[PDB]
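Colleague: Following this: a sequence and the matching experimental structure.
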Amino acid sequence: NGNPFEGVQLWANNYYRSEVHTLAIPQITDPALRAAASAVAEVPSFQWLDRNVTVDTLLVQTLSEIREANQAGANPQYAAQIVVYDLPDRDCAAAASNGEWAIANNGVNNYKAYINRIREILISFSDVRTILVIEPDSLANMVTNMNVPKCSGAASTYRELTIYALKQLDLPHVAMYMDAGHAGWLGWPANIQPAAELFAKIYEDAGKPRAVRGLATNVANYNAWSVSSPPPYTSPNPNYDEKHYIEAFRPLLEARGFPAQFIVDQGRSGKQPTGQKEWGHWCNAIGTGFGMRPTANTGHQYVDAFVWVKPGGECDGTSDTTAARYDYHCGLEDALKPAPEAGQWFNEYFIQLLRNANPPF
Ligand SMILES: CO[C@@H]1O[C@H](CO)[C@@H](S[C@@H]2O[C@H](CO)[C@@H](O[C@@H]3O[C@H](CO)[C@@H](O[C@@H]4O[C@H](CO)[C@@H](N)[C@H](O)[C@H]4O)[C@H](O)[C@H]3O)[C@H](O)[C@H]2O)[C@H](O)[C@H]1O
Ligand SMILES: CO[C@@H]1O[C@H](CO)[C@@H](S[C@@H]2O[C@H](CO)[C@@H](O[C@@H]3O[C@H](CO)[C@@H](O)[C@H](O)[C@H]3O)[C@H](O)[C@H]2O)[C@H](O)[C@H]1O
Ligand SMILES: *[C@@H]1O[C@H](CO)[C@@H](O)[C@H](O)[C@H]1NC(C)=O
């Protein structure tokens, strides 16, 4: 029943800090941008377990640092924020963030082992409050993208592995939030009921694990929490921001046995409207800014926290048309270019986010 974001400070991980200080700052001479970059490096965004190698290295290192700070007397205690993101046939409706594992090459077994190892590590660090986002985009793709061969082919696997993860990571010091797309994906009137059906059924089939707190929205996207008028690209969706989406979604979930609490990514939501020409333009969108800083003080009963899940500056996908992971969304007129591989540092993007930051740095 506890909000896992209440009574703790959020740990800012050293990986994002290191990117900003070793890659970004040496390329930013401008005094104000340099000072702003140093400040954003300290905003506590989620750390992503995007490859298996990170489990026994980066995850352990962060948890070990938090343990040490808390043992020294940190008040409030620090909590960790981790994304689980390595399903086989990952990112099934796009090319940009295809992952290391494939269902056709022992991916299911590889993933179960990854989840088992994460469980063992979280058990060993049961003294550290841990908040998890489970597999961005996965279930949202199962709602709207069964017409995509990679997604339809992965659906049964996604379902089995999601339930596996929810049960295995159901630990006394863990809070989990399943990814649930965003207002412009699942919040469309035609998608929102089948979305609620799917998430509630997964929840029931997982045995309603205690550690499942709810859902995460807007991960790696740009939507407003709350604006007074719909951005043009949102019409005619009545759920044109995350507040509308959540207020519509929660009753439908609760009626199906899943009284989900929410966290909302605001890391790239500071400038509204954005420069997106169409709402479905997700890749390195121009006209965006760093948004509201992580906090549990949301003013909304259904929202545990505003968070930064996607770390701004880390690319959404390459704009190189010859690359294996080239996705046409990343070559569009409203995608910033040239852009490196997904997850790699995109310094010009980082600068855009600093310039447009609201609140400013
Ligand atoms: C009445 O107007 C029309 O209505 C229909 C609905 O009745 C929509 S169709 C609706 O369009 C949305 C675009 O506004 C689609 O949402 C997009 O889906 C894609 C997946 O196919 C999402 O892409 C994913 O984005 C992630 C970041 O958020 C990223 N990590 C992933 O790699 C990427 O695949 C995208 O965010 C989302 O906005 C929706 O599926 C579709 O049902 C019509 O657009 C209106 O004109
Ligand atoms: C939805 O798209 C995904 O977005 C997430 C969040 O941006 C990233 S996770 C991101 O991934 C990169 C690349 O693996 C990591 O950067 C790398 O860190 C390793 C050490 O682990 C270094 O050796 C390397 O030089 C560095 O580039 C980030 O630390 C992660 O946060 C994901 O890749 C996207 O697909
Ligand atoms: C994943 O990493 C673990 C160590 O955490 C390792 O033992 C295992 O072999 C790796 N999985 C694959 C499929 O290589």
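Modeller: Sure, I can see it. Residues are numbered from 1 along each chain as shown. Ligands and ions are numbered 1, 2, ... in the order given.

Colleague: Going by residue numbers, what spans are strands in this protein?
Modeller: Using DSSP state E, the strands found in the chain span residues 9-10, 47-49, 78-84, 130-134, 174-179, 212-217, 261-265, 303-307.

Colleague: Looking at those strands, spot the one closest to ligand 2.
Modeller: strand 47-49 (3.7 Å; CB to the nearest ligand atom). The way it works is simple: take the backbone N, C-alpha and C, and place the C-beta from them, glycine included.

Colleague: For the strands of the chain, please prepare a markdown table with the additional fields distance to residue 322 and mean neighbour count.
Modeller: As requested, the strands of the chain are exported to a markdown table (distance: least, CB to CB, whole Å; neighbours: other CB atoms under 10 Å):
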| stretch | distance to residue 322 | mean neighbour count |
| --- | --- | --- |
| strand 9-10 | 40 | 20 |
| strand 47-49 | 26 | 22 |
| strand 78-84 | 29 | 24 |
| strand 130-134 | 32 | 25 |
| strand 174-179 | 30 | 25 |
| strand 212-217 | 34 | 27 |
| strand 261-265 | 31 | 28 |
| strand 303-307 | 35 | 25 |
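
Colleague: And the ones you listed: which comes nearest residue 253?
Modeller: With distances scored as CB to CB, the stretch of the strands of the chain nearest to residue 253 is strand 212-217 (7.8 Å).

Colleague: between the closest one and strand 303-307, how big is the angle?
Modeller: Here strand 212-217 runs at 50 degrees with respect to strand 303-307, directions being taken by axes from the mean of the first three to the mean of the last three CA atoms, to 10 degrees.

Colleague: about what we covered before: indicate which one of the strands of the chain is closest to residue 355.
Modeller: Using CB to CB as the measure, strand 261-265 is the one of the strands of the chain that comes nearest residue 355, at 19.8 Å.

Colleague: Alongside ligand 3, which residues does the stretch 101-250 of the chain contribute?
Modeller: Of all the residues in the stretch 101-250 of the chain, those in contact range of ligand 3 (CB under 6 Å from any ligand atom) are 110, 113, 114, 117.

Colleague: Which one of the residues in the stretch 101-250 of the chain is closest to ligand 3?
Modeller: Shortest the stretch 101-250 of the chain-to-ligand 3 distance, computed as CB to the nearest ligand atom: residue-wise this is residue 110, at 4.1 Å.

Colleague: Does residue 84 touch residue 164 like I think?
Modeller: No: with contact defined as CB atoms under 8 Å, residue 84 and residue 164 do not form a contacting pair (11.3 Å).

Colleague: Which neighbours do these two have in common?
Modeller: By CB atoms under 8 Å, 6 or more residues apart in numbering, residue 84 and residue 164 have these common neighbours: residue 115.

Colleague: Using CSV, lay out the strands of the chain together with distance to residue 332.
Modeller: Converted to CSV, these look like this (distance: least, CB to CB, whole Å):
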stretch, distance to residue 332
strand 9-10, 33
strand 47-49, 24
strand 78-84, 25
strand 130-134, 26
strand 174-179, 23
strand 212-217, 23
strand 261-265, 21
strand 303-307, 27
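
Colleague: Those into JSON lines, with extra columns for distance to ligand 2?
Modeller: Below are the strands of the chain laid out as JSON lines (distance: least, CB to the nearest ligand atom, whole Å):
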{"stretch": "strand 9-10", "distance to ligand 2": "16"}
{"stretch": "strand 47-49", "distance to ligand 2": "4"}
{"stretch": "strand 78-84", "distance to ligand 2": "7"}
{"stretch": "strand 130-134", "distance to ligand 2": "11"}
{"stretch": "strand 174-179", "distance to ligand 2": "10"}
{"stretch": "strand 212-217", "distance to ligand 2": "13"}
{"stretch": "strand 261-265", "distance to ligand 2": "11"}
{"stretch": "strand 303-307", "distance to ligand 2": "13"}
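
Colleague: so which of those comes closest to residue 280?
Modeller: Proximity of the strands of the chain to residue 280 was assessed by CB to CB; the nearest stretch is strand 212-217, lying at 16.0 Å.
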